[PDB]
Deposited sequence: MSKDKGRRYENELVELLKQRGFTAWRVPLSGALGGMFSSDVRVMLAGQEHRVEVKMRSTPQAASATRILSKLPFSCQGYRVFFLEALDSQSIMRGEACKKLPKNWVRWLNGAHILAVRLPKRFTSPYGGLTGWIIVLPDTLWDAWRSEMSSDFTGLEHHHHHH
């Protein structure tokens, strides 16, 4: 019910050591540096439907103040994809879910792409491991 992917994202984040939860658009929350952040969740069936076709091979990259990376990626890091700024919808973290069959050949095992502010990248990396 769309909530399926929000719950999947919350479980993947809790598995990586984050304090994350769901709240009924349907929104997700995450604790970074001791602060709560809204996470917008978008699911698309193909990389073309998510405007990620050219992006997949370029991850992780920093563009327009945002770091764009696969959820499952700690590797060291321009305009941003078409509907992504529109999908952020006032929030500062965006989580895009594609079928794993499309992301896995580029190293995205879970299917998730995270669009995080570059100011939050330090706190994000220091929550894991």
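Against the full deposited sequence, the model leaves out several stretches, namely 1 to 4, 29 to 37, 91 to 97, 99, 151 to 163.
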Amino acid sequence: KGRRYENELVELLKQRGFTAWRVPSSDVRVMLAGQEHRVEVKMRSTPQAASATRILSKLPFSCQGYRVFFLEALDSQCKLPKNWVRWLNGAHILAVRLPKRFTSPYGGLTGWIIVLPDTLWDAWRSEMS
From here on, numbers count along this sequence of modelled residues.
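Looking at 95 to 103 and 81 to 89 together, the entry lists the larger mean B-factor for 81 to 89, computed on C-alpha atoms. Between the residues 45, 26, 51, 57, the entry's highest C-alpha temperature factor is the one at 26. Remark: residue 30 belongs to the middle third of its chain, ranked by C-alpha B-factor as recorded. In the deposited entry, the Cα temperature factor of residue 20 sits in the top third of values across the chain's modelled residues. Among the modelled residues of its chain, residue 63 has a C-alpha B-factor that falls in the highest third, as given in the PDB entry. When the CA B factors of the chain's modelled residues are split into thirds, the value for residue 73 lands in the middle one.
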